[PDB]
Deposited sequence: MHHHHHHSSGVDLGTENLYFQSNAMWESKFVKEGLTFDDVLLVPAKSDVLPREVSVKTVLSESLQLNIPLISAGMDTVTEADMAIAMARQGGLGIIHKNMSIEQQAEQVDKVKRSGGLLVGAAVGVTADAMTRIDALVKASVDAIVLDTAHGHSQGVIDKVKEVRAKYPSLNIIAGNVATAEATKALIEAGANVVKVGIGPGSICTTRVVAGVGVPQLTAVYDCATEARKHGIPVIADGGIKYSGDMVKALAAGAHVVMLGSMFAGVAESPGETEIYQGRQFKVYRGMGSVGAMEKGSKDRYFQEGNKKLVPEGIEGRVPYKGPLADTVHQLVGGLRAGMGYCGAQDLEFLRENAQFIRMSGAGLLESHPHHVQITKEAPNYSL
C-alpha cells in the first residue's frame, strides 16, 4: 500500500493573514452585539478572552483583572504546588471570580490537581506540547475519573483526530495551537505544525459534532485575528503576546533604549525551563499600561467585526461567517500602505 506515500503533500493550510471575513447583511450595531460565550455550564465568560498560562503573562494579579473584565486567567505551572494553589485561592477569594490553572502531564500532576480542587479551581488546563499523545489521553481520563464535574481543558492539538481523541478522554474544552505562538519556534526546530486558522477550523469541525468548544491559542496579533479565529469555529481565543505588556502581568517594567518594556518568553525557552532542546525564545514587549485599555480595544474590534458580519452573537458568527482567501498583495492592501504614519493608534501596532 502506497496510500500514505502519495498523500504527503495533499493538504493545504491557511492562517489569519491569508483570509478576510466577508461583510454580510446586518441589523445589529456593534454597541448592541452580545460577546458572551459558554465553555461549559460552570465556565461562562462575558468576553471571549483568556490570558495564556505562561510564567510571563498570567499570575494572580492578571487572573483577577481578566475575570473582572469578563474573561479568564490561567495560572502558570512554573511554581510549587502550594504556590499555584495559593494563587488560585487568592483569585476566587477576591470577589468570587473565575480562574484556571495550568497542569503538566507528569507524575505529580494528580497531586497538583488535588491542591487546586481544594482551592476551588474552576478549570484545570492539561497543557502540553503534543496533546495527541497517549500519555495525555490517559491522564485526561484519570482526572475525569476522580473529578467527574471538573472542567478539563486539554491541549494542544491541531487535527480533528486529536480533538476527537481528547473529547472521548473527558475533555470539556480542546485547545488548538501547534506552532503559531509569537514566541514559538516549534515549527522551526521540529518542523511540525498546522496553520492556526486551518487548525482551528479542522478541530472545530470535529468538536462541534460533540458540542465541545475549542480554544484558539496563539498567533493572534491584532483584534481582527481574534475575529477570524472565532468565526472559524472557536468559542474563545487565548492571548499571550498582546497581554504580556500590560501592567497587571507578572514581572516589572524594564527600560531599554529609553522606552519601557516587559519580559515575554515562551515556556519552552531556555530561561523559562530553568542540555535542553528549546522550542521557544525569550523576548521583550512594549509596556501597554493597564489591562482595561487593551481589553477594550480587543472587544471593540470584535464588536466592529461582528457588526460587519451581521452577527448578533458569537454563535451566528461561528455558523454563518464566510471567509475569502487573498494573496500577499491582499494583505498589504489590508494594512495601511504608502502613507507616513505620524502617531500611534491604540489598536494598531
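**Q** Which ranges of the deposited chain go unmodelled, in order along the sequence?
**A** Seq positions lacking coordinates: 1 to 21, 296 to 308, 384.
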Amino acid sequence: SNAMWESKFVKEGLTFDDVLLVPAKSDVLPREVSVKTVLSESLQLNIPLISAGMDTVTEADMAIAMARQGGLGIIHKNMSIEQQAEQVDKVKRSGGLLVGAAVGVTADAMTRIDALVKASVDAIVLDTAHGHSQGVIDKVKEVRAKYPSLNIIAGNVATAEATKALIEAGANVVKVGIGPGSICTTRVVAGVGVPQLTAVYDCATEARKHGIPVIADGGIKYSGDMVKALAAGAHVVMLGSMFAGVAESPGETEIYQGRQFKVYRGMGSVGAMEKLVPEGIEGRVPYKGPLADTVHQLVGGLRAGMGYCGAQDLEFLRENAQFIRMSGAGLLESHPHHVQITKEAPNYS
From here on, numbers count along this sequence of modelled residues.
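**Q** Check the entry's C-alpha temperature factors for 106 to 114 and 145 to 153, then say which stretch has the higher mean.
**A** Per the deposited B-factors, the answer is 106 to 114.
**Q** Pick between 179 to 187 and 242 to 250: the one whose mean CA B-factor in the entry is higher.
**A** The stretch with the larger average C-alpha B-factor is 242 to 250.
**Q** Per the entry's Cα B factor values, which of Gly219, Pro195, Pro278, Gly96 stands out as the maximum?
**A** When the deposited C-alpha B-factors of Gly219, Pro195, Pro278, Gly96 are compared, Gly96 is largest.
**Q** Among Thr159, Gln260, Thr205, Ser269, which carries the highest Cα B-factor?
**A** Out of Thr159, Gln260, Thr205, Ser269, the record gives the largest C-alpha B-factor to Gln260.
**Q** With respect to C-alpha B-factor, does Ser34 fall in the lowest, middle or highest third of the chain as deposited?
**A** Its C-alpha B-factor belongs to the middle third of this chain's values.
**Q** Just say lowest, middle or highest third for the CA B-factor of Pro286 relative to the other modelled residues in its chain.
**A** Middle third - that is where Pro286 ends up once the chain's C-alpha B-factors are sorted.
**Q** Based on the deposited C-alpha B factors for this chain, I'd like to know if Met54 is in the lowest, middle or highest third.
**A** Within its chain, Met54 is a lowest-third residue by C-alpha B-factor, going by the deposited values.
**Q** Taking only the Cα B-factors deposited for this chain, tell me whether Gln297 sits in the lowest, middle or highest third.
**A** Middle third - that is where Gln297 ends up once the chain's C-alpha B-factors are sorted.
**Q** Splitting the chain's C-alpha B-factors into thirds, which one does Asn78 fall into?
**A** As the PDB entry reports it, the C-alpha B-factor of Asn78 lands in the middle third of its chain.
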